[PDB]
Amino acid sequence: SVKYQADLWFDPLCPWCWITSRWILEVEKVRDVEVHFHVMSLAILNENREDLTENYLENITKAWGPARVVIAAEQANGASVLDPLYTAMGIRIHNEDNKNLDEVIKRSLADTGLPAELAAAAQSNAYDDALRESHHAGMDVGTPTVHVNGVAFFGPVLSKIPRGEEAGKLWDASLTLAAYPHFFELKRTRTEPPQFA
């Protein structure tokens, strides 16, 4: 009987955004929770950070690609397209460990009935400012970043997807802490890789 309105920022490539986004969709089924997704690029966020030793890799990784396509998709079809397109990408990138992003993008656009042409946005910088705009909206960096009922938080960082009522009980606890304006942090060292089953 407590109503929640949630906005969650995701990068299709991010394993943590994926788990936590799947968790909140589990929460939707056992709590009065409405979820609205927004796309971010982690590659664009860290564009400002200067670590020269990582440059060789980022430029062949093309980590900006999926986020660019998804925001290009949204611009052409509105927000209704985010959830199906994200799920189609995420199942591939994460559940199935498919790191051929050209393939993931091509197949996910097709699965969702979007024009194949949108795949070209991966190589274009024309949506980067839109993406930076999305970042300013969500951030004031967390994986994922979540606004619920007027308050913002990073996480919860989960290494596995909680299901059903367990997912809900963790929602209740997370939001109790988040709703307290003088709460800032609860953490421990991460000892597990993300698992997607």
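Numbering starts at 1 and runs along the sequence shown.
- The modelled chain breaks between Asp140 and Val141, where 4 to 9 residues of the deposited sequence lack coordinates.
- Look at the C-alpha B-factors of 80 to 88 and of 109 to 117. On average they run higher in 109 to 117.
- Per-stretch averaging of Cα B factors for 56 to 64 and 31 to 39 places 56 to 64 on top.
- Among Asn149, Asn46, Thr145, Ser159, the highest C-alpha B-factor recorded in the PDB entry belongs to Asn46.
- Ranked by C-alpha B-factor against the other modelled residues of its chain, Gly155 falls in the lowest third.
- Among all modelled residues in this chain, the alpha-carbon of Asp129 has a temperature factor (C-alpha) in the highest third.
- Sort the modelled residues of the chain by CA B factor and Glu26 lands in the lowest third.
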